[PDB]
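> sharing the initial chains of the complex here, in place:
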Amino acid sequence: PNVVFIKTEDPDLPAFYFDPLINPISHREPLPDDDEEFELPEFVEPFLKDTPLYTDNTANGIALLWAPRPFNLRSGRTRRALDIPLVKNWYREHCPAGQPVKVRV
């Protein structure tokens, strides 16, 4: 399935924000009658009403969800400097369109 993660460019914007990349949704029910006697007790409120919807480091975490493998984790095991190929993903991907013959080979 196509990951449709929208990357945030402006840190000032809210973490949960309708980015212009997302296609705007064109708006337009057996509802109970309002006159009925349904009452909510005073002990009842939203589960995390006090909890803010987003924090300064929420978009950063959501970005870290879709980071490459060495950054998707938060705990891990140390590796040898030999064992880390810094450029393995570079040639694992497609060669750039405009390149000479020798670099393609």
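Done, it's in. Numbering: from 1, shown residues only, chains lettered A, B, ... in the order given.

> the spatially most central residue of chain A: what's it in contact with?
For chain A, the residue nearest the mean C-alpha position is residue A:62 (3.8 Å; C-alpha atoms, centre = their mean). With contact set as C-beta atoms under 8 Å, 6 or more residues apart in numbering, residue A:62 has these partners: A:5, A:15. Heads up, the C-betas are built off the backbone N, CA and C, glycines and all.

> so which helix or strand takes in it?
Residue A:62 is part of helix A:58-65 when elements are defined by DSSP states H and E.

> next structured bit after that helix?
helix A:69-72.

> end to end, how far does stretch A:95-103 reach?
Using C-alpha to C-alpha, to the nearest Å, the end-to-end distance of stretch A:95-103 comes to 9 Å.

> one step back: so how far is the helix holding residue A:62 off the chain centroid?
Centroid displacement of helix A:58-65 relative to its chain, using C-alpha atoms, centre = their mean, to the nearest Å, is 6 Å.

> buried stuff in it?
Buried residues in helix A:58-65, counted by 16 or more other C-beta atoms under 10 Å: A:59, A:62.

> just stretch A:79-86 next, same as before
By neighbour count with 16+ other C-beta under 10 Å, stretch A:79-86 contains no buried residues.

> end-to-end on it?
Terminal residues of stretch A:79-86 lie 13 Å apart, using C-alpha to C-alpha.

> is it true that residue A:16 touches residue A:54?
Yes - assessed by C-beta atoms under 8 Å, residue A:16 is found in contact with residue A:54 at 5.6 Å.

> helices along chain A, start to end?
For chain A, applying DSSP state H gives helices covering A:58-65, A:69-72, A:88-92, A:101-104.

> any chance of the ones you listed in TSV, plus distance to residue A:34?
Converted to TSV, the helices of chain A look like this (distance: least, C-beta to C-beta, whole Å):
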stretch	distance to residue A:34
helix A:58-65	36
helix A:69-72	48
helix A:88-92	58
helix A:101-104	70
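
> chain B comes next; put it on the structure above:
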Amino acid sequence: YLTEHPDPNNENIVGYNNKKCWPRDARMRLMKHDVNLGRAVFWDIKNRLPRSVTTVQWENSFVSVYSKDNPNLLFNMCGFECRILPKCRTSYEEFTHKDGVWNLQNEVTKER
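Take a look at chain B, now in place beside the chains above:
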């Protein structure tokens, strides 16, 4: 032939000798009917000869069929690999003079 040597799997094509020297479109095309006919002809010829007097092996022989499915008639004779292609059959082209080609013509009408 199939009454005496039945072939339910159409296995008659697996061992059919063909002249690999010619290109694929020039060889014999192993149609089911053509392969069965070639095997039947060879079987009849072999049956005509008692085995003790002489033996006609299939691996050392070669049967080529020309029909509505095969346009080329192939045979090896005296070291010459000859392939006859009739003019009215899969030619559709003007022909020049090439050294290795023999222009066969009917004697009574002198027509190629």
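
> again for the contacts of residue A:62, chain B present now?
A:5, A:15 (C-beta atoms under 8 Å, 6 or more residues apart in numbering or on different chains).

> any idea how far it is from residue A:17?
From residue A:62 across to residue A:17, the span is 12 Å (C-beta to C-beta, to the nearest Å).

> can you check residue A:93 too?
The gap separating residue A:93 from residue A:17 is 30 Å, by C-beta to C-beta.

> neighbour count: the two, which is higher?
The residue with more neighbours, out of residue A:93 and residue A:17, is residue A:17; 13 against 7, by other C-beta atoms under 10 Å in any protein chain shown.

> who are the neighbours in contact with that one?
When contacts are counted by C-beta under 8 Å, 6+ apart, residue A:17 touches residue A:8.

> cool, and residue A:78?
Contacts here follow C-beta under 8 Å, 6+ apart; on that basis residue A:78 touches nothing.

> can you get me the start-to-end distance on stretch A:63-83?
First residue to last in stretch A:63-83 (C-alpha to C-alpha) measures 26 Å.

> ugh, typo on my part, it should be stretch B:98-112
End to end - C-alpha to C-alpha - stretch B:98-112 spans 15 Å.

> which residues of chain B fall in strands?
Remark: strands assigned in chain B by DSSP state E are B:73-77, B:80-84.

> reformat the ones you listed as TSV; add mean neighbour count and distance to residue A:27.
Compiled in TSV, the strands of chain B are given as follows (neighbours: other C-beta atoms under 10 Å in any protein chain shown; distance: least, C-beta to C-beta, whole Å):
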stretch	mean neighbour count	distance to residue A:27
strand B:73-77	14	78
strand B:80-84	12	78
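
> would JSON lines of those with distance to residue A:88 be doable?
Formatted as JSON lines, the strands of chain B follow (distance: least, C-beta to C-beta, whole Å):
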{"stretch": "strand B:73-77", "distance to residue A:88": "57"}
{"stretch": "strand B:80-84", "distance to residue A:88": "57"}
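
> of the ones you listed, which is nearest residue A:81?
Among the strands of chain B, the nearest to residue A:81 by C-beta to C-beta is strand B:80-84 (67.9 Å).

> chain C should join the structure above:
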Amino acid sequence: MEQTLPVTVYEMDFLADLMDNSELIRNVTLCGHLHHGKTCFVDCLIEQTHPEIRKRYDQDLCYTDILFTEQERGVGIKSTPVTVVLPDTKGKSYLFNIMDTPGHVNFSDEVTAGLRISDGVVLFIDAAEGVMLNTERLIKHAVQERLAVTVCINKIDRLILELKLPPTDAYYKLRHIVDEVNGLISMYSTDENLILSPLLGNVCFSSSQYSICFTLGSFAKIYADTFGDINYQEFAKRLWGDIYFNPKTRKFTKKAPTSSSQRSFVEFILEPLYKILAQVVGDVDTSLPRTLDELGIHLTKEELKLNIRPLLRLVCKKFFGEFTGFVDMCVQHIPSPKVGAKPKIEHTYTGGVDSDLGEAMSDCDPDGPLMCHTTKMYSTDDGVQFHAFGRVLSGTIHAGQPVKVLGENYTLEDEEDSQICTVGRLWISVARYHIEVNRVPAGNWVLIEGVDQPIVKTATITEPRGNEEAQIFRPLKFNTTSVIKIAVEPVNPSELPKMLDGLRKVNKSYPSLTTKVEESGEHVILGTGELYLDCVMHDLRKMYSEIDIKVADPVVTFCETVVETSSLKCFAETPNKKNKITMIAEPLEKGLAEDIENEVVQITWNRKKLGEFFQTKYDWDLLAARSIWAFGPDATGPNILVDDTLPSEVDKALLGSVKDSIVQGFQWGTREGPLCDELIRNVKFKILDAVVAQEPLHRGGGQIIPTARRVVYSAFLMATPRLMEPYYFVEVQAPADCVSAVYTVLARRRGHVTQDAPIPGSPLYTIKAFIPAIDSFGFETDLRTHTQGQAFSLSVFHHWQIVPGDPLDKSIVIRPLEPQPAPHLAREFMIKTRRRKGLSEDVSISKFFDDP
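Adding chain C to the chains above:
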């Protein structure tokens, strides 16, 4: 019985006890679009009911999709049955038979096999992608099969962790999805009783990746558990549907206070979910313990050290708990086998509910006559023996019991297609293990053993020495049509029999597969697409016949038609030189063949209603509306046979004596066709004249059937013949930029783009197109490679469209290996197919006539 089984929350004795009570059984098919989370949802249920089975932190474990090809591809290929015991919201355990169907459109036939033995459908819709092509097709097929429908809006986390929509915008997206599903249902169903809305409990919101499954009732019960004084049912009634909440009066009103307060769904359901997810993914180390304490969830130090995705899964499992919302949705709205038996018998059983045995099966009583009905054939790991899978509609099947198995051709008048077989064993079919049981009562799914021999696709299991009036269930009507045709031969002909055996086996494994042998001795396999045939050939090469197999390139099966009436009234006599039949052929009106195919008209109707329909919808003459004989080759075939013989010239009583023979000849001729031995489509055959021999022995039998086929062929040929290519409908889910590139691909394959609308609430577009099937080979690969994999397409058969060329054009020259231009493509498609079938080089218009 007694055997080794994995550790489960419930007990096997309880599972067997639930099977006896048909009021606590739910036969459910989890269908949907490709990769919409059905298999992951089943895996979540299995994890809930099996403590020892746990999903890997990195790899999404799939309890279903057990095949090696399914594991490697990652795409569900065959339906997997799973029988579990699931607790409801109140705690009442229900027996659930879940048929996890594949999401790919090519395997839609599989879903049909899962829809015949199910009473309810749960359609899984991606919360990000929304309604796709397969969801619409499955909605149409389910509501056309008379099944209850519920919706699971899976992957709601994509609205939070991928799109990062505001909670109100997420609510808008969900509401739009629900509205679109409701519109589709109303379009495909005349009745408006089955309105789907989360207020009614028909809709559940789920994220199988993180195990977030809830309905309004379940989450209201969560509120009731955390605050005892609130009643969950009324709260769930008030939670959805633009009803705002006033905390000054603690009351729910349709009028929005403060002009800035969110809906009940956003305030009470969506916003807490957003807060939980954001706290876990953003503020784990700094602020996760406080929110965990506020929710009553306590996690160990080793549990809090997990990565973000496993931590989300754990937190949401601890919060929402069991998938009780799904159980509510499938208990309140999906009929039990007791309740839902009557529609199933009225729809599938050939004899109808009015028959005595139909009335017997309407009760679904375990102590009745045996009327099991199996629609799947599951191969063992060794691949030698097959187990017939299906539900028991009446009576009780016992292990080691003699049984009469009826095939698809079994009828009361002709009972030859029936075999007495001894059942070997009975298994309750869980995904990766099977619970051997001694007996299975009515209303449950079973893997009958030892009955696979006399059945290829569909079976009717009954008891011998009884049910002398028992009939078969209708064969599976399939969502799409199998078109892609491939020739198959062995590398070594000496091992031809093995492949043949393999063919039989694949014919049993794939419900819509069609394997035959043409006149040229060429083995032919029909499939619905390139992935479907790839899976079929992998099975044919590795599972069933271990031999090397050569596969020809893929070609499509064309249809034959006419575009204008026959030039002259064609005629044919019998070899007896008697019984002259004179016919003409003309094309049908627009949409008439579609009406016939879609069961809008049936020959089983009486003369009055059929004549009235043909007189009002298509303005036929009363004599023409009453003289119709048969519909095409099969039942509801696209062709029509009529007799215009006025009674003055031809005796109607005498013609009725040969009516059966003439109808048989018509059906055979339309099934074969004279152009390239292909189905004749959308042609009206009129019997202008009919001489009939008076003596019975000079007519009927082998005299009039071939004569009728010959005259049908002549009438078809004299009328201007044409070929129909099959045109597939393609839906491409592509990014906004790639849309243009998509056109380019469809430029090279005669593809016509019908629409390129965006996906509301998603950054992608759905490009719809109509591509020829013959040109569709590699189109999916071309599109994905050209767009760097960002564009994905699914192609399904849509219709038949006339090939541009003229098949009967001997002037066209065709080089043996060249892509021919359009103006004579039909000429290429007729002769080459004629060579593949093994017929003559070309067909003449007067070949079947009598003058030459």
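
> in light of the added chain C, please revisit the contacts of residue A:62.
Shown in contact with residue A:62 (C-beta under 8 Å, 6+ apart): A:5, A:15, C:161, C:164, C:281-282.

> ok, now with 7 Å
A:15, C:161, C:164, C:281-282 (C-beta atoms under 7 Å, 6 or more residues apart in numbering or on different chains).

> list the contacts of the closest residue to chain C within chain A.
In chain A, no residue comes nearer to chain C than residue A:58, which is 3.4 Å away by C-beta to the nearest C-beta. Going by C-beta under 7 Å, 6+ apart, residue A:58 touches A:15, C:278, C:282.

> now it, nearest residue through space, not along the chain?
Nearest non-adjacent residue to residue A:58, counting by C-beta to C-beta, 6 or more residues apart in numbering or on different chains: residue C:282, 3.4 Å away.

> thought the one you found was touching residue A:63?
No - using C-beta atoms under 7 Å, residue C:282 makes no contact with residue A:63, being 10.0 Å away.

> the closest residue to chain A within the stretch 501-650 of chain C: neighbour count?
Closest to chain A within the stretch 501-650 of chain C is residue C:531: 16.6 Å, counting by C-beta to the nearest C-beta. Per other C-beta under 10 Å, the neighbour tally for residue C:531 reads 19.

> for it, which non-adjacent residue is spatially closest?
Nearest residue to residue C:531, sequence neighbours excluded (C-beta to C-beta, 6+ apart): residue C:106, at 5.2 Å.

> element containing the one you found?
Per DSSP H and E, there is no helix or strand for residue C:106.

> what's the distance between it and residue C:282?
Distance from residue C:106 to residue C:282, by C-beta to C-beta: 41 Å.

> between the two, which has more neighbouring residues?
residue C:106 (28 against 24).

> the more buried one against residue C:534, yeah?
No - the criterion here is C-beta under 7 Å, and residue C:106 misses it with residue C:534 at 9.4 Å.

> chain B against chain A: which residues are in contact?
Within chain B, no position is adjacent to chain A by C-beta under 7 Å from any C-beta of the partner chain.
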